[PDB]
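Shown next: data_25.cif, containing mmCIF, C-alpha atoms.
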```cif
data_entry
#
loop_
_atom_site.label_atom_id
_atom_site.label_comp_id
_atom_site.auth_asym_id
_atom_site.auth_seq_id
_atom_site.Cartn_x
_atom_site.Cartn_y
_atom_site.Cartn_z
CA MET K 1 58.43 -65.21 -110.41
CA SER K 2 62.18 -65.96 -110.73
CA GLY K 3 63.78 -67.30 -113.94
CA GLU K 4 63.62 -70.98 -114.95
CA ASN K 5 64.67 -73.50 -117.72
CA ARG K 6 67.11 -70.88 -119.21
CA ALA K 7 69.98 -73.06 -117.79
CA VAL K 8 72.18 -75.67 -119.55
CA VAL K 9 72.20 -79.40 -118.62
CA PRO K 10 75.10 -81.86 -117.90
CA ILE K 11 76.84 -83.29 -121.01
CA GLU K 12 80.47 -84.65 -120.98
CA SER K 13 80.50 -83.87 -117.20
CA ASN K 14 80.01 -87.49 -115.95
CA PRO K 15 82.32 -87.43 -112.82
CA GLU K 16 81.97 -84.07 -110.96
CA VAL K 17 78.44 -82.74 -111.66
CA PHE K 18 76.63 -86.05 -110.86
CA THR K 19 78.18 -86.43 -107.35
CA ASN K 20 77.16 -82.81 -106.55
CA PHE K 21 73.37 -82.97 -107.19
CA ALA K 22 72.96 -86.61 -106.03
CA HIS K 23 74.40 -85.79 -102.56
CA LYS K 24 71.78 -83.00 -102.17
CA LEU K 25 69.12 -85.56 -103.27
CA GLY K 26 69.95 -87.72 -100.18
CA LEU K 27 72.63 -90.17 -101.50
CA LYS K 28 74.51 -91.61 -98.46
CA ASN K 29 78.29 -90.99 -98.19
CA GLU K 30 78.92 -94.78 -98.59
CA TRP K 31 77.88 -94.42 -102.30
CA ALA K 32 78.79 -92.10 -105.21
CA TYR K 33 79.03 -91.83 -109.02
CA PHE K 34 82.17 -92.76 -111.01
CA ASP K 35 82.78 -92.80 -114.81
CA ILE K 36 83.30 -95.92 -116.99
CA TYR K 37 85.95 -96.36 -119.73
CA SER K 38 84.59 -99.62 -121.26
CA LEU K 39 82.22 -102.55 -120.49
CA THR K 40 83.23 -105.09 -123.23
CA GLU K 41 86.98 -105.27 -122.43
CA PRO K 42 87.08 -107.56 -119.31
CA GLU K 43 90.29 -105.74 -118.20
CA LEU K 44 88.13 -102.90 -116.74
CA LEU K 45 85.81 -105.11 -114.61
CA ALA K 46 89.01 -106.97 -113.51
CA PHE K 47 89.72 -103.69 -111.62
CA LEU K 48 86.55 -103.40 -109.51
CA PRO K 49 86.84 -103.72 -105.66
CA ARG K 50 83.02 -103.90 -105.07
CA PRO K 51 79.96 -104.51 -107.34
CA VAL K 52 78.34 -101.40 -108.90
CA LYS K 53 74.69 -100.87 -107.82
CA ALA K 54 73.35 -99.26 -111.06
CA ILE K 55 74.44 -98.20 -114.58
CA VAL K 56 73.39 -95.47 -117.04
CA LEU K 57 74.16 -94.66 -120.71
CA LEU K 58 74.74 -91.26 -122.34
CA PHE K 59 73.72 -91.41 -126.03
CA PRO K 60 71.61 -89.00 -128.19
CA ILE K 61 68.29 -89.76 -129.98
CA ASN K 62 69.23 -90.25 -133.66
CA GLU K 63 66.52 -89.73 -136.35
CA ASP K 64 66.33 -93.45 -137.36
CA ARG K 65 66.10 -95.35 -134.00
CA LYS K 66 63.93 -98.03 -135.73
CA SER K 67 65.03 -100.42 -132.90
CA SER K 68 62.08 -98.95 -130.92
CA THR K 69 58.63 -100.58 -131.17
CA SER K 70 56.04 -98.55 -129.20
CA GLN K 71 53.62 -100.92 -127.39
CA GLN K 72 51.49 -100.74 -124.19
CA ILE K 73 53.70 -102.43 -121.56
CA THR K 74 52.46 -103.41 -118.03
CA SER K 75 51.84 -100.57 -115.47
CA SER K 76 51.49 -102.72 -112.28
CA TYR K 77 55.05 -104.23 -112.46
CA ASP K 78 57.43 -104.55 -109.43
CA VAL K 79 59.24 -101.29 -110.35
CA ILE K 80 58.52 -97.57 -111.08
CA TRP K 81 58.57 -94.84 -113.82
CA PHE K 82 58.15 -91.04 -114.22
CA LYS K 83 57.39 -88.83 -117.26
CA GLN K 84 59.98 -86.31 -118.52
CA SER K 85 57.67 -83.24 -118.51
CA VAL K 86 60.15 -80.33 -118.00
CA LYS K 87 62.94 -80.50 -120.64
CA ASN K 88 65.56 -78.62 -118.51
CA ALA K 89 65.42 -81.58 -116.03
CA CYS K 90 67.89 -83.61 -118.23
CA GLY K 91 70.35 -83.53 -115.26
CA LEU K 92 67.60 -84.01 -112.63
CA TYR K 93 65.55 -86.92 -114.07
CA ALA K 94 68.72 -88.90 -114.97
CA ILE K 95 69.87 -88.96 -111.31
CA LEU K 96 66.22 -89.33 -110.13
CA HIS K 97 65.77 -92.64 -112.02
CA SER K 98 69.20 -93.83 -110.73
CA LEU K 99 68.19 -93.21 -107.06
CA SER K 100 64.43 -94.06 -106.98
CA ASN K 101 64.96 -97.33 -108.96
CA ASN K 102 67.05 -98.52 -105.95
CA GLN K 103 65.14 -97.33 -102.84
CA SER K 104 67.57 -99.40 -100.67
CA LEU K 105 70.48 -96.79 -100.42
CA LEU K 106 68.22 -93.79 -99.50
CA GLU K 107 68.45 -92.11 -96.07
CA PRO K 108 65.26 -91.77 -93.89
CA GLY K 109 64.06 -88.13 -94.17
CA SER K 110 65.79 -87.29 -97.52
CA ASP K 111 64.10 -85.62 -100.52
CA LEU K 112 63.68 -88.97 -102.37
CA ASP K 113 62.41 -90.75 -99.20
CA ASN K 114 59.62 -88.17 -98.62
CA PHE K 115 58.93 -88.04 -102.42
CA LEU K 116 57.97 -91.76 -102.32
CA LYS K 117 55.74 -91.21 -99.25
CA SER K 118 54.03 -88.02 -100.58
CA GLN K 119 52.71 -89.90 -103.68
CA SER K 120 51.12 -92.67 -101.54
CA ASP K 121 49.45 -89.84 -99.49
CA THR K 122 47.81 -88.45 -102.70
CA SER K 123 45.86 -89.66 -105.82
CA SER K 124 49.11 -91.06 -107.36
CA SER K 125 50.03 -94.74 -106.84
CA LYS K 126 53.62 -94.14 -105.62
CA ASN K 127 55.46 -93.20 -108.87
CA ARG K 128 52.78 -91.98 -111.33
CA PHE K 129 53.64 -88.52 -112.69
CA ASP K 130 49.95 -87.50 -112.94
CA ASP K 131 49.37 -85.31 -109.81
CA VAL K 132 50.40 -81.74 -108.88
CA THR K 133 52.27 -82.86 -105.69
CA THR K 134 54.48 -85.23 -107.76
CA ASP K 135 55.61 -82.23 -109.88
CA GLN K 136 56.28 -80.03 -106.77
CA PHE K 137 59.30 -82.21 -105.80
CA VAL K 138 60.73 -81.69 -109.33
CA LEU K 139 60.16 -77.90 -109.77
CA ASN K 140 61.50 -76.79 -106.33
CA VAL K 141 64.85 -78.70 -106.41
CA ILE K 142 65.62 -77.65 -110.04
CA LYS K 143 65.05 -74.01 -108.91
CA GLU K 144 68.39 -74.33 -107.02
CA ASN K 145 70.20 -74.97 -110.38
CA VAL K 146 68.54 -72.45 -112.79
CA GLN K 147 69.82 -69.73 -110.49
CA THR K 148 73.40 -68.41 -110.75
CA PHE K 149 74.55 -71.88 -109.50
CA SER K 150 74.84 -73.03 -113.16
CA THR K 151 74.63 -76.86 -113.32
CA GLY K 152 76.32 -78.79 -116.17
CA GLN K 153 78.49 -75.95 -117.57
CA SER K 154 78.96 -72.19 -116.90
CA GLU K 155 77.53 -69.14 -118.83
CA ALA K 156 74.31 -71.22 -119.61
CA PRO K 157 74.80 -70.90 -123.44
CA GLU K 158 71.89 -73.10 -124.58
CA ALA K 159 69.19 -75.39 -123.14
CA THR K 160 71.34 -78.40 -124.25
CA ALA K 161 74.72 -79.27 -125.86
CA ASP K 162 75.48 -78.93 -129.62
CA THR K 163 73.54 -82.26 -129.80
CA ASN K 164 70.51 -83.84 -128.04
CA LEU K 165 71.91 -86.32 -125.47
CA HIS K 166 69.58 -88.80 -123.73
CA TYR K 167 69.71 -90.59 -120.36
CA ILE K 168 68.63 -94.23 -119.74
CA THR K 169 69.39 -95.86 -116.33
CA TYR K 170 68.31 -99.19 -114.80
CA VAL K 171 69.24 -102.32 -112.76
CA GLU K 172 68.40 -106.07 -112.51
CA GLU K 173 65.43 -107.13 -110.30
CA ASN K 174 63.50 -110.41 -109.70
CA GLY K 175 65.95 -112.28 -112.04
CA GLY K 176 65.55 -109.98 -115.11
CA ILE K 177 66.98 -106.75 -116.57
CA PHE K 178 64.97 -103.85 -118.09
CA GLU K 179 65.48 -100.11 -118.94
CA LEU K 180 63.97 -96.70 -118.00
CA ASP K 181 63.64 -94.59 -121.17
CA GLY K 182 61.61 -91.56 -119.97
CA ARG K 183 60.88 -90.70 -123.66
CA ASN K 184 58.41 -93.66 -123.84
CA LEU K 185 54.93 -92.42 -122.79
CA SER K 186 53.97 -96.15 -122.87
CA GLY K 187 56.32 -97.17 -119.98
CA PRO K 188 59.55 -99.28 -119.57
CA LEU K 189 61.03 -101.68 -122.19
CA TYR K 190 62.28 -105.14 -121.11
CA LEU K 191 65.48 -106.75 -122.50
CA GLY K 192 64.95 -110.31 -121.15
CA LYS K 193 66.14 -112.40 -118.17
CA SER K 194 69.62 -111.63 -116.72
CA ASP K 195 72.77 -113.61 -117.70
CA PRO K 196 74.08 -116.50 -115.51
CA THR K 197 77.58 -114.91 -115.96
CA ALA K 198 76.69 -111.26 -115.08
CA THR K 199 79.67 -110.40 -112.81
CA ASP K 200 77.79 -107.51 -111.12
CA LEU K 201 75.99 -105.37 -113.76
CA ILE K 202 78.78 -104.53 -116.30
CA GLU K 203 79.00 -108.01 -117.92
CA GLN K 204 75.23 -108.01 -118.80
CA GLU K 205 75.41 -108.86 -122.53
CA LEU K 206 71.68 -108.01 -123.04
CA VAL K 207 72.04 -104.25 -122.35
CA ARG K 208 75.44 -104.20 -124.17
CA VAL K 209 73.86 -105.42 -127.45
CA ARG K 210 71.17 -102.71 -127.00
CA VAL K 211 73.87 -99.96 -126.91
CA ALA K 212 75.34 -101.61 -130.05
CA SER K 213 71.87 -101.39 -131.71
CA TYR K 214 71.52 -97.59 -131.20
CA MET K 215 74.98 -96.80 -132.69
CA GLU K 216 74.05 -98.70 -135.92
CA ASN K 217 70.93 -96.49 -136.26
CA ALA K 218 73.13 -93.39 -135.70
CA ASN K 219 75.62 -91.68 -138.07
CA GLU K 220 79.36 -91.21 -137.38
CA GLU K 221 78.57 -87.64 -136.17
CA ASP K 222 75.87 -88.80 -133.68
CA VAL K 223 78.03 -91.55 -132.02
CA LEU K 224 80.75 -88.90 -131.37
CA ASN K 225 79.23 -87.74 -128.04
CA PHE K 226 79.13 -91.15 -126.35
CA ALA K 227 80.13 -91.96 -122.76
CA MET K 228 78.91 -94.17 -119.90
CA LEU K 229 78.52 -93.72 -116.13
CA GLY K 230 77.36 -95.70 -113.04
CA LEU K 231 76.46 -95.49 -109.33
CA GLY K 232 78.38 -97.89 -107.05
CA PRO K 233 79.95 -97.69 -103.55
CA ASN K 234 82.05 -94.55 -102.91
CA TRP K 235 85.86 -94.68 -103.29
CA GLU K 236 87.63 -91.90 -101.34
#
```

Take the structure in the file and give it back as structure tokens.
Amino acid sequence: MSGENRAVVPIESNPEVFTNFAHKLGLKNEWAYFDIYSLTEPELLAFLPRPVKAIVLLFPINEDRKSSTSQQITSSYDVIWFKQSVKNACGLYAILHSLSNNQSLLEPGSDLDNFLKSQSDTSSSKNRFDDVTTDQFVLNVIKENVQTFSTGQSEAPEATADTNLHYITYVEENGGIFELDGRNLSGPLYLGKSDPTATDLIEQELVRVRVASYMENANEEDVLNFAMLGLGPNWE
């Protein structure tokens, strides 16, 4: 048995490392990742040639986080979820929830395309992390990154950064906007219906006030490692 989970995971590496693993996951060439400076100054979305297809936040779990209220949400909703079992998958599961939550940009025969089909061929629904074959797609592709091909950063110093970053990615569907926080064993956590002025996904004031809620629960040391990222059409 080869080595595993001794690797480090991607922090402050938003541009390069995300386009590498996502392309091996099956992401078409017409789409890629690209970093985000701001989302509340309208001067940034004034420089956008095409609408971004998804967004994700990079912010750590502070010890307060009283904005959370654990309750049993619906499990038959129009969208999907997975459990963060393996901890070293902080780079994997972040890109997984960006890709699977928009099945429309996948390529027929890719790893994600056959991962959706293999769960409907087994005791899972289509997304439920509860069967052995659902975990096989996770443990074999991460094996290519715990080897000497060190994802995130070189020399694999620790399991994570000097802090405990978290990864929450989602999109708007059926006229509303929600989130995918894989820390919740209960399921997803809705924000409310989408704005009538949402320019593409950046101007969504609902998710912007939720980022502003986490930084009030955090100290000045915990907001230090804060960045944002997205997945829109490629620009090359």

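The residue that comes closest to residue 224 in chain K, out of K:162, K:113, K:121, K:16 and on the basis of all atoms listed in the file, is K:162.
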
Would you translate the PyMOL selection byres ((chain K and resi 91) around 12) into the concrete set of residues it matches in this file, as a JSON list (two decimals) with C-alpha atoms, keeping the file's coordinate frame?
```
[["chain", "number", "residue", "atom", "x", "y", "z"],
["K", 5, "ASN", "CA", 64.67, -73.50, -117.72],
["K", 7, "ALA", "CA", 69.98, -73.06, -117.79],
["K", 8, "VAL", "CA", 72.18, -75.67, -119.55],
["K", 9, "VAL", "CA", 72.20, -79.40, -118.62],
["K", 10, "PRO", "CA", 75.10, -81.86, -117.90],
["K", 11, "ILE", "CA", 76.84, -83.29, -121.01],
["K", 12, "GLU", "CA", 80.47, -84.65, -120.98],
["K", 13, "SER", "CA", 80.50, -83.87, -117.20],
["K", 14, "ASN", "CA", 80.01, -87.49, -115.95],
["K", 17, "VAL", "CA", 78.44, -82.74, -111.66],
["K", 18, "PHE", "CA", 76.63, -86.05, -110.86],
["K", 19, "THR", "CA", 78.18, -86.43, -107.35],
["K", 20, "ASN", "CA", 77.16, -82.81, -106.55],
["K", 21, "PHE", "CA", 73.37, -82.97, -107.19],
["K", 22, "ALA", "CA", 72.96, -86.61, -106.03],
["K", 58, "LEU", "CA", 74.74, -91.26, -122.34],
["K", 84, "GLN", "CA", 59.98, -86.31, -118.52],
["K", 86, "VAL", "CA", 60.15, -80.33, -118.00],
["K", 87, "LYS", "CA", 62.94, -80.50, -120.64],
["K", 88, "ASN", "CA", 65.56, -78.62, -118.51],
["K", 89, "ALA", "CA", 65.42, -81.58, -116.03],
["K", 90, "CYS", "CA", 67.89, -83.61, -118.23],
["K", 92, "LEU", "CA", 67.60, -84.01, -112.63],
["K", 93, "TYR", "CA", 65.55, -86.92, -114.07],
["K", 94, "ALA", "CA", 68.72, -88.90, -114.97],
["K", 95, "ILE", "CA", 69.87, -88.96, -111.31],
["K", 96, "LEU", "CA", 66.22, -89.33, -110.13],
["K", 97, "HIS", "CA", 65.77, -92.64, -112.02],
["K", 98, "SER", "CA", 69.20, -93.83, -110.73],
["K", 138, "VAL", "CA", 60.73, -81.69, -109.33],
["K", 141, "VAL", "CA", 64.85, -78.70, -106.41],
["K", 142, "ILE", "CA", 65.62, -77.65, -110.04],
["K", 145, "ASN", "CA", 70.20, -74.97, -110.38],
["K", 146, "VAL", "CA", 68.54, -72.45, -112.79],
["K", 150, "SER", "CA", 74.84, -73.03, -113.16],
["K", 151, "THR", "CA", 74.63, -76.86, -113.32],
["K", 152, "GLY", "CA", 76.32, -78.79, -116.17],
["K", 153, "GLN", "CA", 78.49, -75.95, -117.57],
["K", 159, "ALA", "CA", 69.19, -75.39, -123.14],
["K", 160, "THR", "CA", 71.34, -78.40, -124.25],
["K", 165, "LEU", "CA", 71.91, -86.32, -125.47],
["K", 166, "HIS", "CA", 69.58, -88.80, -123.73],
["K", 167, "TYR", "CA", 69.71, -90.59, -120.36],
["K", 168, "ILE", "CA", 68.63, -94.23, -119.74]]
```

Neighbour residues at most 7 Å from (67.1, -86.1, -104.5) (only C-alpha atoms) as an MDAnalysis selection string: chainID K and resid 22 24:26 96 111:112

Expected selection from the PyMOL selection byres ((chain K and resi 64-78) around 6), given as JSON, numbers by chain: {"K": [62, 63, 79, 186, 217]}

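Restricting the calculation to all atoms listed in the file, the smallest distance between residue 208 in chain K and any of K:236, K:195, K:158, K:43 is found for K:195.
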
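Across the model, the gap from CA of residue 179 in chain K to CA of residue 198 in chain K is 16.3 Å.
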
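With all atoms listed in the file as the basis for measurement, K:204 is the residue among K:114, K:213, K:127, K:204 that approaches residue 39 in chain K most closely.
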
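In this comparison, which uses all atoms listed in the file, the residue of K:81, K:139, K:235, K:228 approaching residue 30 in chain K most closely is K:235.
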
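The closest residue to residue 193 in chain K, picked from K:175, K:207, K:140, K:115 and counting only C-alpha atoms, is K:175.
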
Point-to-point distance from CA of residue 124 in chain K to CA of residue 83 in chain K, Å rounded to tenths: 13.1 Å

Straight-line distance linking CA of residue 177 in chain K with CA of residue 80 in chain K, stated in Å to one decimal: 13.6 Å

Best match for closeness to residue 218 in chain K among K:3, K:196, K:233, K:60, counting all atoms listed in the file: K:60

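Across the chains present, the PyMOL selection byres ((chain K and resi 119) around 10) applied to this file returns residues 114, 115, 116, 117, 118, 120, 121, 122, 123, 124, 125, 126, 127, 128, 129, 130, 131, 132, 133 and 134 of chain K.
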
Selection: 8 Å around residue 34 in chain K, all atoms listed in the file, excl. self and same-chain fewer than 4 positions, as number ranges by chain: K: 14-15, 229-232

Grab the residues selected above and save them as an mmCIF file, keeping the file's coordinate frame with C-alpha atoms.
```
data_model
loop_
_atom_site.group_PDB
_atom_site.id
_atom_site.type_symbol
_atom_site.label_atom_id
_atom_site.label_comp_id
_atom_site.auth_asym_id
_atom_site.auth_seq_id
_atom_site.Cartn_x
_atom_site.Cartn_y
_atom_site.Cartn_z
ATOM 1 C CA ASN K 14 80.010 -87.490 -115.950
ATOM 2 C CA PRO K 15 82.320 -87.430 -112.820
ATOM 3 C CA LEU K 229 78.520 -93.720 -116.130
ATOM 4 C CA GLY K 230 77.360 -95.700 -113.040
ATOM 5 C CA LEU K 231 76.460 -95.490 -109.330
ATOM 6 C CA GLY K 232 78.380 -97.890 -107.050
#
```

For the structure just given, write the atoms of range 185-210 of chain K, namely N, CA, C and O atoms, as a PDB file, in the first residue's frame.
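Result file follows (decode_11.pdb):
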```
ATOM      1  N   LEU K 185     -23.301  17.950   8.134  1.00  0.00           N
ATOM      2  CA  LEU K 185     -23.812  16.584   7.980  1.00  0.00           C
ATOM      3  C   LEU K 185     -25.320  16.603   7.667  1.00  0.00           C
ATOM      4  O   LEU K 185     -25.854  15.605   7.183  1.00  0.00           O
ATOM      5  N   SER K 186     -25.998  17.731   7.948  1.00  0.00           N
ATOM      6  CA  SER K 186     -27.438  17.859   7.768  1.00  0.00           C
ATOM      7  C   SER K 186     -27.809  18.080   6.294  1.00  0.00           C
ATOM      8  O   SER K 186     -28.890  17.665   5.881  1.00  0.00           O
ATOM      9  N   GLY K 187     -26.914  18.709   5.504  1.00  0.00           N
ATOM     10  CA  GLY K 187     -27.178  19.030   4.097  1.00  0.00           C
ATOM     11  C   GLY K 187     -26.906  20.521   3.802  1.00  0.00           C
ATOM     12  O   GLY K 187     -26.250  21.197   4.596  1.00  0.00           O
ATOM     13  N   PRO K 188     -27.387  21.028   2.641  1.00  0.00           N
ATOM     14  CA  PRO K 188     -27.181  22.412   2.194  1.00  0.00           C
ATOM     15  C   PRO K 188     -27.909  23.429   3.098  1.00  0.00           C
ATOM     16  O   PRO K 188     -28.651  23.052   4.004  1.00  0.00           O
ATOM     17  N   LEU K 189     -27.667  24.725   2.845  1.00  0.00           N
ATOM     18  CA  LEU K 189     -28.199  25.817   3.657  1.00  0.00           C
ATOM     19  C   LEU K 189     -28.610  26.976   2.740  1.00  0.00           C
ATOM     20  O   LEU K 189     -27.758  27.678   2.199  1.00  0.00           O
ATOM     21  N   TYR K 190     -29.925  27.151   2.546  1.00  0.00           N
ATOM     22  CA  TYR K 190     -30.457  28.156   1.629  1.00  0.00           C
ATOM     23  C   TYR K 190     -30.177  29.583   2.126  1.00  0.00           C
ATOM     24  O   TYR K 190     -30.064  29.817   3.331  1.00  0.00           O
ATOM     25  N   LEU K 191     -30.108  30.535   1.181  1.00  0.00           N
ATOM     26  CA  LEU K 191     -29.955  31.963   1.476  1.00  0.00           C
ATOM     27  C   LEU K 191     -31.301  32.675   1.269  1.00  0.00           C
ATOM     28  O   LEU K 191     -31.641  33.579   2.032  1.00  0.00           O
ATOM     29  N   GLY K 192     -32.051  32.265   0.231  1.00  0.00           N
ATOM     30  CA  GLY K 192     -33.291  32.908  -0.184  1.00  0.00           C
ATOM     31  C   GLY K 192     -33.362  32.950  -1.713  1.00  0.00           C
ATOM     32  O   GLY K 192     -32.473  32.432  -2.394  1.00  0.00           O
ATOM     33  N   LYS K 193     -34.425  33.566  -2.255  1.00  0.00           N
ATOM     34  CA  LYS K 193     -34.559  33.734  -3.702  1.00  0.00           C
ATOM     35  C   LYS K 193     -33.495  34.717  -4.235  1.00  0.00           C
ATOM     36  O   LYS K 193     -32.982  35.555  -3.494  1.00  0.00           O
ATOM     37  N   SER K 194     -33.145  34.575  -5.522  1.00  0.00           N
ATOM     38  CA  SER K 194     -32.093  35.374  -6.153  1.00  0.00           C
ATOM     39  C   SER K 194     -32.573  36.822  -6.373  1.00  0.00           C
ATOM     40  O   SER K 194     -33.775  37.075  -6.453  1.00  0.00           O
ATOM     41  N   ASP K 195     -31.625  37.766  -6.500  1.00  0.00           N
ATOM     42  CA  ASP K 195     -31.948  39.175  -6.723  1.00  0.00           C
ATOM     43  C   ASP K 195     -32.438  39.396  -8.165  1.00  0.00           C
ATOM     44  O   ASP K 195     -31.968  38.722  -9.083  1.00  0.00           O
ATOM     45  N   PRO K 196     -33.310  40.406  -8.381  1.00  0.00           N
ATOM     46  CA  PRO K 196     -33.768  40.823  -9.703  1.00  0.00           C
ATOM     47  C   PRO K 196     -32.699  41.670 -10.431  1.00  0.00           C
ATOM     48  O   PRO K 196     -32.902  42.047 -11.585  1.00  0.00           O
ATOM     49  N   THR K 197     -31.574  41.961  -9.754  1.00  0.00           N
ATOM     50  CA  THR K 197     -30.492  42.801 -10.278  1.00  0.00           C
ATOM     51  C   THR K 197     -29.159  42.030 -10.350  1.00  0.00           C
ATOM     52  O   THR K 197     -28.140  42.620 -10.710  1.00  0.00           O
ATOM     53  N   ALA K 198     -29.168  40.719 -10.031  1.00  0.00           N
ATOM     54  CA  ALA K 198     -27.992  39.857 -10.146  1.00  0.00           C
ATOM     55  C   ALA K 198     -27.481  39.878 -11.595  1.00  0.00           C
ATOM     56  O   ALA K 198     -28.163  39.394 -12.500  1.00  0.00           O
ATOM     57  N   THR K 199     -26.312  40.504 -11.810  1.00  0.00           N
ATOM     58  CA  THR K 199     -25.780  40.757 -13.151  1.00  0.00           C
ATOM     59  C   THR K 199     -25.381  39.438 -13.833  1.00  0.00           C
ATOM     60  O   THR K 199     -25.625  39.267 -15.026  1.00  0.00           O
ATOM     61  N   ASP K 200     -24.812  38.501 -13.059  1.00  0.00           N
ATOM     62  CA  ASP K 200     -24.507  37.154 -13.530  1.00  0.00           C
ATOM     63  C   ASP K 200     -24.493  36.189 -12.340  1.00  0.00           C
ATOM     64  O   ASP K 200     -25.231  35.203 -12.339  1.00  0.00           O
ATOM     65  N   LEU K 201     -23.675  36.495 -11.323  1.00  0.00           N
ATOM     66  CA  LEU K 201     -23.563  35.708 -10.096  1.00  0.00           C
ATOM     67  C   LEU K 201     -22.779  36.507  -9.031  1.00  0.00           C
ATOM     68  O   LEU K 201     -22.839  36.185  -7.845  1.00  0.00           O
ATOM     69  N   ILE K 202     -22.045  37.545  -9.473  1.00  0.00           N
ATOM     70  CA  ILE K 202     -21.170  38.367  -8.635  1.00  0.00           C
ATOM     71  C   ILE K 202     -21.992  39.370  -7.808  1.00  0.00           C
ATOM     72  O   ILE K 202     -21.646  39.653  -6.662  1.00  0.00           O
ATOM     73  N   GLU K 203     -23.065  39.914  -8.404  1.00  0.00           N
ATOM     74  CA  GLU K 203     -23.844  41.005  -7.819  1.00  0.00           C
ATOM     75  C   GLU K 203     -24.908  40.472  -6.827  1.00  0.00           C
ATOM     76  O   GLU K 203     -25.674  41.256  -6.272  1.00  0.00           O
ATOM     77  N   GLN K 204     -24.942  39.146  -6.595  1.00  0.00           N
ATOM     78  CA  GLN K 204     -25.864  38.513  -5.653  1.00  0.00           C
ATOM     79  C   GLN K 204     -25.586  39.011  -4.230  1.00  0.00           C
ATOM     80  O   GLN K 204     -24.625  38.576  -3.596  1.00  0.00           O
ATOM     81  N   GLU K 205     -26.423  39.937  -3.744  1.00  0.00           N
ATOM     82  CA  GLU K 205     -26.243  40.570  -2.443  1.00  0.00           C
ATOM     83  C   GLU K 205     -26.480  39.576  -1.286  1.00  0.00           C
ATOM     84  O   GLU K 205     -25.960  39.783  -0.193  1.00  0.00           O
ATOM     85  N   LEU K 206     -27.237  38.490  -1.530  1.00  0.00           N
ATOM     86  CA  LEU K 206     -27.558  37.513  -0.488  1.00  0.00           C
ATOM     87  C   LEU K 206     -26.287  36.805  -0.004  1.00  0.00           C
ATOM     88  O   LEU K 206     -26.034  36.758   1.199  1.00  0.00           O
ATOM     89  N   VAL K 207     -25.496  36.254  -0.938  1.00  0.00           N
ATOM     90  CA  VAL K 207     -24.272  35.524  -0.602  1.00  0.00           C
ATOM     91  C   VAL K 207     -23.156  36.484  -0.141  1.00  0.00           C
ATOM     92  O   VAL K 207     -22.256  36.063   0.581  1.00  0.00           O
ATOM     93  N   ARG K 208     -23.229  37.768  -0.534  1.00  0.00           N
ATOM     94  CA  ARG K 208     -22.241  38.781  -0.153  1.00  0.00           C
ATOM     95  C   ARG K 208     -22.398  39.177   1.322  1.00  0.00           C
ATOM     96  O   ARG K 208     -21.398  39.394   2.004  1.00  0.00           O
ATOM     97  N   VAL K 209     -23.645  39.240   1.814  1.00  0.00           N
ATOM     98  CA  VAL K 209     -23.933  39.523   3.220  1.00  0.00           C
ATOM     99  C   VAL K 209     -23.566  38.307   4.093  1.00  0.00           C
ATOM    100  O   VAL K 209     -23.288  38.470   5.282  1.00  0.00           O
ATOM    101  N   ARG K 210     -23.525  37.100   3.501  1.00  0.00           N
ATOM    102  CA  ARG K 210     -23.178  35.889   4.234  1.00  0.00           C
ATOM    103  C   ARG K 210     -21.653  35.786   4.437  1.00  0.00           C
ATOM    104  O   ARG K 210     -21.207  35.270   5.461  1.00  0.00           O
TER     105      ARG K 210
END
```
